[PDB]
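Undergrad: Before we start, here is the structure in question, set down as C-alpha cells.
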Amino acid sequence: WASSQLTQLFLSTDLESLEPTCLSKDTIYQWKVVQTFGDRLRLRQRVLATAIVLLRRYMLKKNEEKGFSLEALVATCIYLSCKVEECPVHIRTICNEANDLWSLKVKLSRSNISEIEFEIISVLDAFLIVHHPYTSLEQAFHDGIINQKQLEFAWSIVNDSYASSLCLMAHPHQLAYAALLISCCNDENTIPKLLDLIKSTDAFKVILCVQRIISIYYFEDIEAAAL
C-alpha cells in the first residue's frame, strides 16, 4: 500500500543519461541469442559467458555502428570465445551452423567473421580474457562454506546473471557473493561465513548486484503473470 514504488526501485531512476543501461530488454535478448547459437554447437556455459561478455564490452566500447548483425557479432563472439577459452571450433563449422540456424540477408563467410573478429579485437585492444564468478563459487564449496544445494542454486543465478550486463559493473567475486547470499539467505549458519568473505570495499557492489539479480527474475516473472 504505502510504496509499490519498490517496483520503480527496480529502475535506473536517473534515466539513461547517468550510469549504464544494464538489464534491458535488449540485454536480456542478446544473452538469449548467444545461448541459442551456443546450444547449437553444444558449447559449455563458460564459453557462452565469455562470449556474451566480449559482446557486452564491444557494444559499450563500440561508438560507431558498423551495420553488423547482432547475429554476426554473436557468431564471432562465439568463435573468439572458443579460441580464447581453449575450446576452438573451426572457422567453417561456425559459418555453417550460423547460416543453417539463421536466415541472414547476408550469409556469413570466412572474410565475414574475420573482419568482425578484427573489429572486436581491435576495439577491445586485444583484451579478450574474461573472469567469471564461477571460480569464487566453486571455491566457497571447496572450502566447505556452502553445501552442494546452495552451490547449484547460486551457480544458476550466475548463469542467469548474464542477461543483465552486471559484468560491466561488478567484479566476478562480488557478483558471486551476491548470488551466494541470495542462495543461502535462509541458512543461518552459512551466512555469517559468507559475510566474512565480503569486505566493505565490496559491500555496495554486492548489494548492487543483488538488486539487479532480483530485478532480473521480476522482469521475467511479471511478463508471465501478465499473460
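Each reported figure results from applying straightforward, stated rules to the coordinates on display, with no laboratory input. So basically every Cβ, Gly included, is an ideal-geometry build from the backbone, and we count neighbours across all protein chains shown.
Undergrad: Looking only at residues that are exposed (fewer than 10 other Cβ atoms within 10 Å of the Cβ) and among the small types (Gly, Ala, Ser) in the range 1-47, which one is nearest to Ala163 (Cα to Cα)?
TA: Among those residues, the one meeting the criterion is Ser17.
Undergrad: Further question: Would you point out the residue of the range 93-126, among those that are among the hydrophobic types (A, V, I, L, M, F, W, C) and free of Cβ contacts under 8 Å to residues at least 12 places away in the same chain, that is nearest to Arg57 (Cα to Cα)?
TA: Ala126
Undergrad: Against the conditions (1) touching a residue at least 12 places away in the same chain (Cβ under 8 Å); (2) charged (D, E, K, R); (3) surrounded by fewer than 11 Cβ atoms within 10 Å (Cβ to Cβ); (4) touching a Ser or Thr at 6+ places or on another chain (Cβ under 8 Å), where does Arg56 fall short? Just the number, please.
TA: (3)
Undergrad: I've got another one for you. Restricting to the range 80-89, what's the tally of residues that are of a type outside the set (S, T, N, Q), within 18 Å of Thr36 (Cα to Cα) and assigned to a helix (DSSP H, G or I)?
TA: Residues that pass the stated criteria total 2.
Undergrad: When the range 59-94 is examined, which residues are found to be farther than 20 Å from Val106 by Cα, surrounded by 14 or more Cβ atoms within 10 Å (Cβ to Cβ) and among the polar types (S, T, N, Q)?
TA: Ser81, the sole residue that qualifies.
Undergrad: Additional query: Can you name every residue in the range 77-96 that is β-branched (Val, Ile, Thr) and within 18 Å of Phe127 (Cα to Cα)?
TA: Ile78, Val84, listed by residue number.
Undergrad: Read through the list (1) farther than 21 Å from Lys32 by Cα; (2) assigned to a loop (DSSP other than H, G, I, E, B); (3) of a type outside the set (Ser, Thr, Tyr), then give the number of the only condition that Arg92 fails.
TA: (2)
Undergrad: How about the range 154-227: which helices (runs of 4 or more DSSP H) wholly inside it have at least 1 residues that are out of contact with any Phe, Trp or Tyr (no Cβ under 9 Å at 6 or more places or on another chain) and within 23 Å of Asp26 (Cα to Cα)?
TA: 172-183, 200-217, 222-225
Undergrad: Something else about it: Please find, among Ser3, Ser69, the residue that is more than 19 Å from the chain's Cα centre (by Cα), in contact (Cβ under 8 Å) with a residue 24 or more places away in the chain and over 21 Å from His132 (Cα atoms).
TA: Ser69
Undergrad: Quick one: in the range 95-127, which of the residues that are hydrophobic (A, V, I, L, M, F, W, C) and in a helix (DSSP H, G or I) is surrounded by the most Cβ atoms within 10 Å (Cβ to Cβ)?
TA: Among those residues, the one meeting the criterion is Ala98.
Undergrad: When the residues of the range 128-153 are filtered to those that are in a loop (DSSP other than H, G, I, E, B) and more than 21 Å from the chain's Cα centre (by Cα), which remaining residue is surrounded by the most Cβ atoms within 10 Å (Cβ to Cβ)?
TA: Among those residues, the one meeting the criterion is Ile146.
Undergrad: Out of the residues in the range 195-213 that are among the aliphatic types (A, V, I, L, M) and touching a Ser or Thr at 6+ places or on another chain (Cβ under 9 Å), state the one that is surrounded by the most Cβ atoms within 10 Å (Cβ to Cβ).
TA: Out of the qualifying residues, it is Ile213.
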